[PDB]
Amino acid sequence: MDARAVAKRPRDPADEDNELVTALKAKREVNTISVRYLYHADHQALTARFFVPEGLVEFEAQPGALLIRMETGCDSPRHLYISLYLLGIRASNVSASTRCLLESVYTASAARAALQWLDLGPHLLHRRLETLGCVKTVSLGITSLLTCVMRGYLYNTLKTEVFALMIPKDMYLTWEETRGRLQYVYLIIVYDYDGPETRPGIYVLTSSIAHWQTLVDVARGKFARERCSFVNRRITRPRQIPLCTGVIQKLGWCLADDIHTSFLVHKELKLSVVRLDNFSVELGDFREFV
Amino acid sequence: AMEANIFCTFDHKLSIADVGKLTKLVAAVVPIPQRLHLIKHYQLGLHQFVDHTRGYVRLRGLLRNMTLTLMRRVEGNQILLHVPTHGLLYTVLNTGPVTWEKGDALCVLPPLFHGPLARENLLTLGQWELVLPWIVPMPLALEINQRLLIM
Amino acid sequence: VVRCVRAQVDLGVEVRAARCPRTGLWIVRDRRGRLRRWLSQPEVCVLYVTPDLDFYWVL
Amino acid sequence: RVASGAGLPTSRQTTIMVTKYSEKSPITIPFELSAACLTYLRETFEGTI
């Protein structure tokens, strides 16, 4: 209220002590627990923690990978937390050599069950799947307890070193010959409405385009064949209901200079990846386009 | 060290039973027509918009532009409300009829159950009945919209 | 490959064959990988035979 | 070792080295504090009793 207190400078949070420090200091005792510096206090990255069975956590022990929950009409295990690579197993976009590579590592009773639940129901994938963000730490227990982030950067505790985002080469997709200073990274599930297969194409779009109309124009321009396949399935097969030939959502934005080619190793199996070092997640809902 | 909040008051008298009923809704969502600072109790929720002739669609149209808030604390002096902001986490009550899971996209809906009910008997004053909007997962909201439109 | 304007036929043509994704029709290609383009030429005609001994005759 | 008799395959002077490792097992406890004790721990109003 006073002009001294109003024009007083704002208080540094790192200079003032914790509530526990002043609480212990008031009654003046001592505990064996060191309390004077609380960890994770200066953490803008709001995180969450997820239990998941052992059969899905391979190629995840290295930090930095997507995580997607699904829905299944069965009641008790109803939501599986599938990694992006097990999602890419199902996708028709990936090369068959890499497909037989990363299927050979994911031989588990939970992974094949998730693969059956992907293609069992009548729903398409975009009405079924739901992102969570990228993962930063593992637990590697008998069941695994991963730590994903909803918003913010990807870093180790104490912020000693930043965590990168990994994506396989086949899901990587750019639409410009040179990049801007900033570029967003998206998710694309495009639907081939073909007779024999309905397996989609999975992509990430490291593009410098933020506006949705100027993004969806280039999205239609690069995926004209898929919309032509959609309208061909519309005219050839009557009384069918096709919808959302491609879907699009925002995943984050990168530094546009640390993007480089590295590789993941799990059980001496190389898997080449595009790696984005200083990256912050930024989630959004599944918009669609036809 | 205080935070920017909204001081809502009540012109009716409040029983200790009604205060104990109100303190059950700590992390409850409340829509507010305009984020003032000293608001009365007449603009908490949707009882300003309960109409005999109007329906669900105008309630959804108003709720698209309402200023949603959260409660902080209840006192015999006054009531504390908190406006949320983007990119921060908050505790929020599941007053909706459907349980949730982790990572589910949630959105706010006008109440389907209307008027007097065994669940709508919350903070009911003389001319006032505090009503709260539902917090439903997103695909159930889409299903409710489609089914209500086709009905 | 029978070429009528030059009266020259062809006996041994090795050709790779596949199906289009959009339609069930066939696509023929060179054993290197080059697309075979004689089907546009109107004066020529071709006979295809498969390893399971089916038979096509394409004008 | 021990010296051997006649016509018997004797012993040879051998050593053996062996390591041993540490095994970690961290333990943890969560404990909660409400917003009420947080907003009442370092905050006084009117100086009332």
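Considering the conditions (1) in contact with a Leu (Cβ under 8 Å, 6 or more places away or on another chain); (2) aliphatic (A, V, I, L, M); (3) assigned to a strand (DSSP E or B), B:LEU59 is excluded by exactly one of them, (3).
If you go through region B:134-151 and keep only what is surrounded by 13 or more Cβ atoms within 10 Å (Cβ to Cβ) and free of Cβ contacts under 8 Å to residues at least 60 places away in the same chain, you end up with B:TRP134, B:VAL136, B:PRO137, B:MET138, B:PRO139, B:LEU140, B:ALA141, B:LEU142, B:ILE144, B:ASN145. If you filter region A:67-118 down to residues that are under 21 Å from the mean Cα position of the chain (by Cα) and among the acidic types (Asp, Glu), you find that the one that is nearest to the other protein chains (Cβ to nearest Cβ) is A:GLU71.
Among the residues of this structure, B:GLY126 does not count as one that is of a type outside the set (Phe, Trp, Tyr), out of contact with any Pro (no Cβ under 6 Å at 6 or more places or on another chain) and within 14 Å of chain A (Cβ to nearest Cβ). Of all residues in region B:68-105, those satisfying the criterion of being small (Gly, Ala, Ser) and either within 18 Å of D:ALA35 (Cβ to Cβ) or out of contact with any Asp or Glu (no Cβ under 7 Å at 6 or more places or on another chain) (or both) are B:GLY76, B:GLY87, B:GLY96. Residues of region A:133-155 that are among the aliphatic types (A, V, I, L, M), within 21 Å of A:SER280 (Cα to Cα) and away from chain B (no Cβ under 14 Å): A:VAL138, A:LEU154.
Being in contact with a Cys (Cβ under 6 Å, 6 or more places away or on another chain) and within 28 Å of A:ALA96 (Cβ to Cβ) is the requirement here; does A:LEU269 meet it? Taking the combined requirement at face value, the residue does not satisfy it. Residue count for region C:1-37 under the criterion of being among the aliphatic types (A, V, I, L, M), farther than 29 Å from A:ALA224 by Cα and surrounded by 10 or more Cβ atoms within 10 Å (Cβ to Cβ): the result is 5. A:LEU264 meets each of the listed conditions (1) within 28 Å of A:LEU154 (Cα to Cα); (2) part of a loop (DSSP other than H, G, I, E, B); (3) touching a residue at least 60 places away in the same chain (Cβ under 8 Å) apart from (2).
Within region A:139-196, the set of residues being among the charged types (D, E, K, R) and more than 23 Å from A:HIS211 (Cβ to Cβ) comprises A:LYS159, A:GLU161, A:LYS169, A:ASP170, A:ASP192, A:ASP194. Specify the residue that is surrounded by the most Cβ atoms within 10 Å (Cβ to Cβ); the eligible residues are those in region A:237-260 that are β-branched (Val, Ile, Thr) and either touching a residue at least 40 places away in the same chain (Cβ under 8 Å) or under 23 Å from A:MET166 (Cβ atoms) (or both). Of everything passing the filter in region A:237-260, A:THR245 is surrounded by the most Cβ atoms within 10 Å (Cβ to Cβ).
Restricting A:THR22, A:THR32 to residues that are in a helix (DSSP H, G or I), among the polar types (S, T, N, Q) and over 20 Å from A:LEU115 (Cβ atoms) narrows the list to A:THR22. None of B:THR23, B:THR99, B:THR85 is without any contact (Cβ under 8 Å) to a residue 60 or more places away in the chain and within 26 Å of B:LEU149 (Cα to Cα) except B:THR99.
Condition check ((1) under 23 Å from A:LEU146 (Cα atoms); (2) without any contact (Cβ under 8 Å) to a residue 24 or more places away in the chain) across all residues:
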residue	(1), (2)
A:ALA65	yes, no
A:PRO77	yes, yes
A:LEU80	yes, no
A:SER95	no, no
A:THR98	no, no
A:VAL105	yes, no
A:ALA111	yes, no
A:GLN116	no, yes
A:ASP119	no, no
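For region A:106-158, filtering for residues that are under 28 Å from D:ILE27 (Cβ atoms) and among the aromatic types (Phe, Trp, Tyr) leaves 1.
One residue stands out among those in region A:1-53 that are under 41 Å from the mean Cα position of the chain (by Cα) and of a type in the set (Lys, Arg): the one that is farthest from the other protein chains (Cβ to nearest Cβ), which is A:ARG36.
Scanning region B:121-151 for residues that are assigned to a helix (DSSP H, G or I) and either small (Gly, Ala, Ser) or on the phi > 0 side of the Ramachandran plot (or both) gives a single hit, B:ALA141.
Of all the residues in region D:25-41, those that are within 11 Å of chain A (Cβ to nearest Cβ), under 37 Å from the mean Cα position of the chain (by Cα) and surrounded by 10 or more Cβ atoms within 10 Å (Cβ to Cβ) number 4. With a requirement of 2 or more residues that are surrounded by fewer than 19 Cβ atoms within 10 Å (Cβ to Cβ) and in contact (Cβ under 8 Å) with a residue 12 or more places away in the chain, the strands (runs of 3 or more DSSP E) lying completely within region A:122-179 that satisfy it span A:144-153.
The residue list B:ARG72, B:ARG60 contains one member that is of a type outside the set (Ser, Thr, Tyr), surrounded by 14 or more Cβ atoms within 10 Å (Cβ to Cβ), within 20 Å of B:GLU3 (Cβ to Cβ) and more than 14 Å from chain A (Cβ to nearest Cβ), which is B:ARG72. Of the strands (runs of 3 or more DSSP E) contained entirely in chain C, those carrying at least 1 residues that are touching a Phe, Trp or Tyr at 6+ places or on another chain (Cβ under 9 Å) and within 14 Å of chain A (Cβ to nearest Cβ) fall at C:16-19. When region A:230-261 is examined, which residues are found to be of a type in the set (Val, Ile, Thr) and either assigned to a helix (DSSP H, G or I) or within 20 Å of A:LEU124 (Cα to Cα) (or both)? Listed by number, the residues that qualify are A:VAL231, A:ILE235, A:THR236, A:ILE241, A:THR245, A:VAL247, A:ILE248.
Backbone-built Cβ (ideal geometry, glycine too); neighbour counts: all protein chains shown. All of the numbers you see were taken from the coordinates with simple rules; none came from a lab.
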